[PDB]
Amino acid sequence: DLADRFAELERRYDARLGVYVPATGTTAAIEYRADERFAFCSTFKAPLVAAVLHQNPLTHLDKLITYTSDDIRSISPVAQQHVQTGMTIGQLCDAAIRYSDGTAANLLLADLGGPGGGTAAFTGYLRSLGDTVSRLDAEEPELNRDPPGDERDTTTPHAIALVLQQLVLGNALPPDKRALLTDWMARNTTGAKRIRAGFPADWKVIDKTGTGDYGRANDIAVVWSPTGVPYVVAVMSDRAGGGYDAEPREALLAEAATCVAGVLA
């Protein structure tokens, strides 16, 4: 059945695969290695934006943040362009989600504040959503680099799916902040070959990707059927057998998502 198909994918890509889809009214949870830890990688940037939105009035989005050359320490497609003028919190949220901008994420962590450059407050935000599993310990670029099996900077497919469910479908955020988060994920530019690739075109998909060392490739999404029925989909993977420089393999996530879509159709 579905477990056999996911195991086939692990052998095909020399990978470890984790999948979680929470249960709904009529569908049982889909779970494969769903309680094993995988690195967040950039998937943490979605709940990070939620944390910053929740913490501040909505007009905080218009506050200008300045930064300089020594702040660009990671893949930062937007922040590298605006370094000469600064970026507002809103622009930083946009870039962190839609371009997985690492400098934007680091600046948003600092905006959250507190110990660990904001990582402790980020973890505390997850705890307030009932997530007792996930932990963020470093910022960019280091959070992509922990050795396989190390629990620093990890979540699980199960844990991050339940967090995303509350943020997008539940009441963790007031409606106006919920809509900002949802719209940024809906306009993501980095996810076309992951969960989006597994679902038919008449399904709506919003997502946040993650990519890291040891062949790490993640995607977390909310999808809506053509009749508006929502599902949360978390897919996580690594290829530790190839070492630090193992290539991430997006097609693994597209195939896993195709399997999931077949069950939810």
Side-chain angles (χ1 to χ4, degrees), residues 38-56 60-61 63-83 85-126 129 131 134-146 152-155 160 163-164 167-168 173 177 180-191 194 206-213 216-221 234 236 248:
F38 297 76
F40 268 114
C41 300
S42 278
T43 62
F44 88 99
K45 293 166 184 173
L48 170 62
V49 166
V52 171
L53 288 170
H54 173 269
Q55 175 66 29
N56 299 280
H60 186 60
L61 296 180
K63 179 173 175 56
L64 181 66
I65 305 298
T66 55
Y67 57 97
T68 182
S69 302
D70 60 11
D71 292 305
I72 303 169
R73 311 166 192 160
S74 66
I75 297 165
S76 303
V78 180
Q80 62 93 3
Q81 288 175 73
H82 298 274
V83 58
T85 60
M87 291 174 67
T88 66
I89 292 286
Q91 288 177 297
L92 293 168
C93 291
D94 187 302
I97 290 173
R98 293 182 58 243
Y99 289 92
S100 208
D101 192 298
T103 299
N106 284 359
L107 294 169
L108 289 171
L109 281 165
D111 195 71
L112 262 191
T119 58
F122 170 85
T123 300
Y125 182 69
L126 298 185
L129 304 177
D131 178 359
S134 310
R135 52 183 290 179
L136 189 66
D137 299 272
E139 61 174 10
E140 295 279 11
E142 287 85 8
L143 59 84
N144 287 324
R145 299 179 175 164
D146 299 297
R152 288 174 301 171
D153 306 312
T154 60
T155 185
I160 192 60
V163 164
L164 186 60
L167 294 177
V168 173
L173 294 168
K177 293 171 180 180
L180 283 160
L181 175 65
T182 300
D183 283 1
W184 280 321
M185 294 184 70
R187 292 195 304 124
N188 179 36
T189 75
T190 69
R194 294 178 187 202
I206 77 179
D207 82 300
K208 176 76 202 75
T209 57
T211 308
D213 304 291
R216 284 164 175 147
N218 307 325
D219 199 17
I220 60 171
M236 310 188 77

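For reference, positions follow the sequence shown, starting with 1. Heavy atoms only: backbone and side chains are in, while hydrogens, waters and symmetry mates are out.
You'll find the side chain of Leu167 reaches within 4.5 Å of the side chain of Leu129, heavy atoms only. Residues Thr43 and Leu164 have side chains not in contact (no heavy-atom distance under 4.5 Å, counting atoms from C-beta outward). Put simply, the side chain of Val78 reaches to within 4.5 Å of the side chain of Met87, judged on heavy atoms. Using a 4.5 Å heavy-atom threshold, the side chains of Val52 and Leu112 count as touching. Using a 4.5 Å heavy-atom cutoff, the side chains of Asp137 and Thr119 are not in contact. Counting heavy atoms from C-beta outward, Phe40 and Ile160 have side chains that approach closer than 4.5 Å. Side-chain atoms of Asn144 and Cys41, non-hydrogen and from C-beta on, do get closer than 4.5 Å to each other. Put simply, the side chain of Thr85 does not reach to within 4.5 Å of the side chain of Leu64, judged on heavy atoms.
Between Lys45 and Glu140 there is a salt bridge, since at least one side-chain N of the basic residue sits less than 4.0 Å from a carboxylate O of the acidic one.
With rounding to the nearest 0.5 angstrom, the NZ atom of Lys63 is 7.5 Å from the CD1 atom of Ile89. Between the CG atom of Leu136 and the OG1 atom of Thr123 there is a distance of 5.5 Å, given to the nearest 0.5 Å. Atom CZ of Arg135 sits about 12.0 Å away from atom OG1 of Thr155, to the nearest 0.5 Å. To the nearest 0.5 Å, atom CG of residue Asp207 and atom OG1 of residue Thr190 are 6.0 Å apart. The CG atom of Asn106 lies 7.5 Å from the CG atom of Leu143; values are rounded to the nearest 0.5 Å. To the nearest 0.5 Å, atoms CG (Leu173) and CG (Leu180) are separated by 9.5 Å.
Smallest separation of non-hydrogen atoms from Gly90 and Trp184: O-CZ2, 3.7 Å. Contact detail for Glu142 and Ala138: the closest heavy-atom pair is CB-CB, 3.9 Å. Between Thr189 and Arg98, the shortest heavy-atom distance links the atoms OG1-O, 2.7 Å. Residue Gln80 comes nearest to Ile72 through the heavy atom pair CA-CD1, 4.0 Å, listed as atom of the first residue, atom of the second, then distance. Closest of all the heavy-atom pairs between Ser69 and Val83 is N-CG2, 4.5 Å. Between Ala46 and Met185 the shortest heavy-atom distance is CB-SD, 4.2 Å.
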Check your understanding: When you look at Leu108 and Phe122, which way does the side chain to side chain contact (heavy atoms under 4.5 Å, CB included) test go after all the steps?
Key -> CA-CA 10 Å; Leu108 289 171; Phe122 170 85; over 6 Å; no
Exercise for review: Verify side chain to side chain contact (heavy atoms under 4.5 Å, CB included) between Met236 and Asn218, making sure each step is shown before the conclusion.
Suggested key: CA-CA 4 Å; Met236 310 188 77; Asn218 307 325; 3.3 Å; yes
Review point. Taking it one step at a time, do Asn188 and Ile206 satisfy side chain to side chain contact (heavy atoms under 4.5 Å, CB included)?
Key: CA-CA 7 Å; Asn188 179 36; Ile206 77 179; over 6 Å; no
Check your understanding: For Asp111 and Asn56, what are the C-alpha separation, side-chain angles and deciding distance, and is it a side chain to side chain contact (heavy atoms under 4.5 Å, CB included)?
Key -> CA-CA 10 Å; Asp111 195 71; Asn56 299 280; 4.0 Å; yes
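Under the 3.5 Å distance criterion, the side-chain polar atoms of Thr209 are left unmatched by any main-chain donor or acceptor of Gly191. Using a distance-only test at 3.5 Å, with no hydrogens or angles considered, a donor-acceptor pair links the side chain of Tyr67 to the main chain of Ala79. For the pair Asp146 (side chain) and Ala39 (backbone), a donor-acceptor distance under 3.5 Å is absent.
Atom NE2 of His54 is surrounded by 12 or fewer heavy atoms from other residues, nucleotides or ligands within 6.0 Å. Summarising the local packing, CD1 of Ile75 is surrounded by 12 or fewer heavy atoms from other residues, nucleotides or ligands at distances under 6.0 Å.
Pairs engaging residues 66-80 under the salt bridge (charged side-chain N to carboxylate O under 4.0 Å, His left out) rule: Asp71-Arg73, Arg73-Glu139 [sequence neighbours left out].
Using modelled atom types, one finds a donor on one side chain and an acceptor on the other under 3.5 Å when comparing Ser100 with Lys208.
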